[PDB]
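Given next are the chains, with one letter for each unit.
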Amino acid sequence: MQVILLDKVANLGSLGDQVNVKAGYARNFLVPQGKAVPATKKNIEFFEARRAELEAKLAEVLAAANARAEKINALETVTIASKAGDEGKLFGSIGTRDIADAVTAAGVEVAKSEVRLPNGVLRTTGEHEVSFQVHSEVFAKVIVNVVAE
Amino acid sequence: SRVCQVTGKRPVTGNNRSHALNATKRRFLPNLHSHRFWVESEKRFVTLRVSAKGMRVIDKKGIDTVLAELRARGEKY
RNA sequence: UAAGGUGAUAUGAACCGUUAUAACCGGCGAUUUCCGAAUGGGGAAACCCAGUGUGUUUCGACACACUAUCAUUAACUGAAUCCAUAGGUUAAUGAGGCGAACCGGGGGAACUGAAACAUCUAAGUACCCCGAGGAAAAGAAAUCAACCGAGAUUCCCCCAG
RNA sequence: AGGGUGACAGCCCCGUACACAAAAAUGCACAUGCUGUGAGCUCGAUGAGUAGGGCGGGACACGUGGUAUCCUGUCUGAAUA
RNA sequence: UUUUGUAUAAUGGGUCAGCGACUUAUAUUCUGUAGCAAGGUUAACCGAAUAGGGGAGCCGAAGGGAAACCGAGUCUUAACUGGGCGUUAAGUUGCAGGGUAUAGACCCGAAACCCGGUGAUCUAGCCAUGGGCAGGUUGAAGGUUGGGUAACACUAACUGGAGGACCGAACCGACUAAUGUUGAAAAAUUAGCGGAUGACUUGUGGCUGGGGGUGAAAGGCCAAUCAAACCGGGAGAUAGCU
RNA sequence: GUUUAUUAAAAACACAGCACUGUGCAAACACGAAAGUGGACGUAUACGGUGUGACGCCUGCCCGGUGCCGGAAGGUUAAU
RNA sequence: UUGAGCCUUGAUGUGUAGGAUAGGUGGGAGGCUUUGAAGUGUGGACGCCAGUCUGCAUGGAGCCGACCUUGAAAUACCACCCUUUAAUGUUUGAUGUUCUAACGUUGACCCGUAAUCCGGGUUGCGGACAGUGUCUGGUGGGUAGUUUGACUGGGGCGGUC
RNA sequence: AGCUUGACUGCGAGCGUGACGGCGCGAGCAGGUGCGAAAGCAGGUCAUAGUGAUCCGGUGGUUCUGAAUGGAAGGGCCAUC
């Protein structure tokens, strides 16, 4: 018997594939409990059809959107002038909150949840880098010069 | 009577032959079993007296097509 | 068609008719008790007992019609259970039983013969059962043939004991 | 032809040969009206638990035999111009 | 008639009259006869239809060999002085007849086997529902009251009415004898005989069916039939026998 | 008590009683192609089969043969 | 829990000439080393206990091909492999426990239904068993069909053919 | 006692004997052989018993057949169980 699964089924299941099974197991258990359907031509073509297509669409859309995000702002530079004092050590330290909306005003619209901070609360006046996680593998690195006003 | 409801298998007749070829009448009987078939399109169990190759042909043709044949030839299920 | 008739044993009585509505012959109608598939329920066949509806200017009793089962179809209802199926009620259509042989199919002997008997024969005969028709069945090559060809089925004469 | 008539009838009677006859109901055959039904053309398809097999039995003139072929009770099982 | 042999006291027949047994079909062989003759003849069928067509076929003119094959020869065998079978003589189609074969096969006759039905109004068992058993004896258990015991046990009188109990009619049966035995009767009569409240008997209805029933068992009974009912059919079974 | 209706009424059959054996209930067993039914609306103190046949005293030895019951090691052993 | 097959891969295999617990074949003379060396402490795998292999490390950076006694060359490199074994993955069978989902239910309850049939529903129990079909061995006078010679101073018994 | 395989193969005039099936005797012809110098003798044993039809089938040989054709299977024929 050549049933097509519809479930996780214990020792043979992978949610819609082809298995060779005994007949008693098929008509007495699998078929009435949901769980399976026999491979009788048209259905196996049709069931496959949408499922195979599904895999192609989701992956491609995700990759493309993320590559596009990585590409965004062409200047790749966000500058900020925050209140400070004499020779370094600024008054109020910026965070990931401040920059998340600052980049919105000058390019990329990335939120607080996707910016990686190796510098922490960034308490230094100099050249800094905020590497974005536009995707799990794609990194969008925008250079930042912090000005001590 | 011992008729398969799918394939229509009556008991037929024959001979016990022996080593001395003595002909005796016998009956060959079908392998009739009373099995309860789930139909998904109706969401019910229709119980039939099938042969054990009426179950083969139900496994191949599907139960719906078979029930359409029984309803077609007036076999009541 | 008609000058004679009212069937026979079977005569009588009482009448009908003779130029056309006597009688006789034919076509189509009408009536067609009761039993019988018998069909409203029952039953020891030719009998017993009903229900429902319609009508009956003495409607305290009558008359008429319908009411079997099954199959198919439709409508209205309808459980365990919600939907639904089973079931129930009504209506429409059809069937049912008989018949001599022929026909197809499902079953299927034995005596007998073998100079015994068991394989074999008798014999797929007798018989039983189902079904159909005026015929049935079969039938339009997944058939033969044989390197040539034939062209569905059925029946008859050979082939050929 | 035949039958009857008081014995054996061509010409006595009924008939026979032959020639005609239907108000009505019908069977068959043409013609025709309506309804249903579908012609013809191009292209495509061209019958699966089936053929075949194992076991048991039956039908084929053919008794399992070296036994083709057909049918199938049981277990299986293709290729598909 | 059957026999070695029948007046035979072996079979058959009372007599008469009527009926009563070698047939029919289809094949094959031989004889007679008729036609044609190295040829004879058609079958189905068409049909002006016993004509005429129809020569499909069959038989004959060529055999030998298992067969290929050869052919007035052939087979055997490595081959035959040889040997086997042929050569050297007319057949064929009707009609009539004698045999033969297949059919009931000259006629009559079994016991029996099988198939389908009808029978439990008789009888056998069982089921249901109603009846029957005059009259007379015997006197169990129990009980009551006395006696008796520690209480029982036990014991006596009275009561009581058990029992496939006793005697005996109806009722059921059938042990003996005689009669009867072409009966009064296809199983009885007469005189005695057994049971007779029970495992009894009986009425009405029902149920069981043929290799089946039922059987307190005899192979008994199942409609005067029973080591396998009756009816109808296979069926004219078969009969080396009369 | 019963039996050969119609030549046998008996010592034969039956019997209470005894024993052996099967049977755990959808019982064994029987009729039935099957469904079902009887066993029994019973349940092992019950039911079926077989023998013996009130009661009394008793019922001895033999398991090699045939059967039955039990065993599973080995030999042989079908379809496949 | 138990066998085989296969893949990768690592081992495995002393007439005797002889430094060699070397099977064949075969292209080839550099492999080899600091992606941290020979030799050794030591345990284990292996054992015809002859002598391989080898985790870590003191040590510390070299070891060796044609050469040579051989039927053969040096698993120093490699390829294809026979025997024998080691680990993994994988491919299937076997057995036992456990499970619920087929089937059985002559358990209980509900419904068709004013019904100890039947069917359907809920649930309990049993459950791949039982049961039935085809095939097959055994048993099988429970039943059926039959056979059971002739001669013979009647037949049987004896004898004979 | 020496040497040997005639305990040959194909045939067979003619006879005997049986109802038949069958059985028996056989000079001679051909091929090849043994013994003998040779004439010759040898197709089992001094003779008469020592046996079993047909069917079915087994083994060896032989294209004789071989259901389209080439083979083969099966059959035939010869030997034989």
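Residues numbered from 1 in each chain as written, not as in the entry; some residues may be left out. Chains lettered and ligands numbered in written order. Part of a larger assembly, values for the part shown. Heavy atoms only, no water.

Undergrad: Sorry, what's going on with the protein's contact with RNA strand C here?
TA: All names here are of chain B. Around RNA strand C sit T13, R17, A20, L21, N22, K25 and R44, and that is every residue in its neighbourhood. When atoms of RNA strand C within 4 Å of the protein are sorted by moiety, sugar and phosphate together comprise 90%. In this structure, a phosphate oxygen belonging to RNA strand C sits 3.2 Å away from a side-chain N or O atom of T13. The contact in question runs from a phosphate oxygen of RNA strand C to an N or O atom on the side chain of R17, over 3.5 Å. For the surface near RNA strand C, the per-class residue count stands at 2 nonpolar, 2 polar and 3 charged. (Near = heavy atom within 4 Å. Polar contact = N/O pair within 3.5 Å; in protein donor to acceptor, adjacent residues only side chain to side chain. Nonpolar A, V, L, I, M, F, W, Y, C, P; charged D, E, K, R; others polar.)

Undergrad: Just checking my understanding: could you explain the side chain of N66(A) for this structure?
TA: With respect to the helices, strands and loops of the structure, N66(A) is situated in helix α2 (residues 42-71). With sequence-adjacent residues up to four places away left out, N66(A) is seen in contact with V134(A) and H135(A). (Helix = DSSP H or I, 4+ residues; strand = E, 2+ residues; numbered from the N terminus. Contact = heavy atoms within 4.5 Å.)

Undergrad: What is the right way to read the interface of chain B and chain A from this model?
TA: Taken residue by residue, the interface counts 4 residues in chain B and 6 residues in chain A. Carbon and sulfur atoms supply 53% of the area buried between chain B and chain A, which totals about 470 Å² over both sides. The three residues of chain B that bury the most area against chain A are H35(B), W38(B) and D59(B), which together make up 70% of that side's buried surface. The tally of links between chain B and chain A comes to 1 salt bridge. The salt bridge partner of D59(B) is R27(A), with a shortest N-O separation of 2.9 Å. For the interface between chain B and chain A, the tally reads 2 residue pairs in polar contact. Of the residues contributing to the side of chain B that touches chain A, the split by class is 2 nonpolar, 1 polar and 1 charged. (Buried area = accessible area lost by both parts, 1.4 Å probe. Salt bridge = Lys/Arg side-chain N within 4 Å of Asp/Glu carboxyl O.)

Undergrad: Help me understand the nonpolar core, please; the structure alone is not making it clear to me.
TA: A general trend in soluble globular proteins is that nonpolar side chains are found buried together. All names here are of chain B. In this structure, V6, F37, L48, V50, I58, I63 and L67 are the most contacted members of the largest nonpolar core, which totals 15 residues. Going through the elements one at a time, β3 (33-39), β4 (44-50), α1 (54-61) and α2 (63-72) are the ones with two or more residues in this core. The biggest single contributor to this core is α2, with 4 residues. Once residues lying within four places of it in the same chain are set aside, the contact partners of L48 are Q5, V6, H33, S34, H35, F37, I58, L67, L70 and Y77. (Core = buried A, V, L, I, M, F, W, Y, C linked by side-chain atoms within 4.5 Å. Buried < 20%, exposed > 50% of the residue type's maximum accessible area, 1.4 Å probe, protein only.)

Undergrad: What should I look at first to understand the protein's contact with RNA strand G in this one?
TA: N28(A), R26(B), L29(B), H33(B) and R36(B) are the nearest of the 13 residues found near RNA strand G. Per the 4 Å cut-off to the protein, sugar and phosphate atoms form 64% of the nearby atoms of RNA strand G. Within the side chain of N28(A), a nitrogen or oxygen atom sits 3.0 Å from a sugar or linking oxygen of RNA strand G. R26(B) is positioned such that a nitrogen or oxygen atom in its side chain is 2.9 Å from a phosphate oxygen of RNA strand G. Partitioning the surface near RNA strand G into residue classes produces 5 nonpolar, 5 polar and 3 charged.

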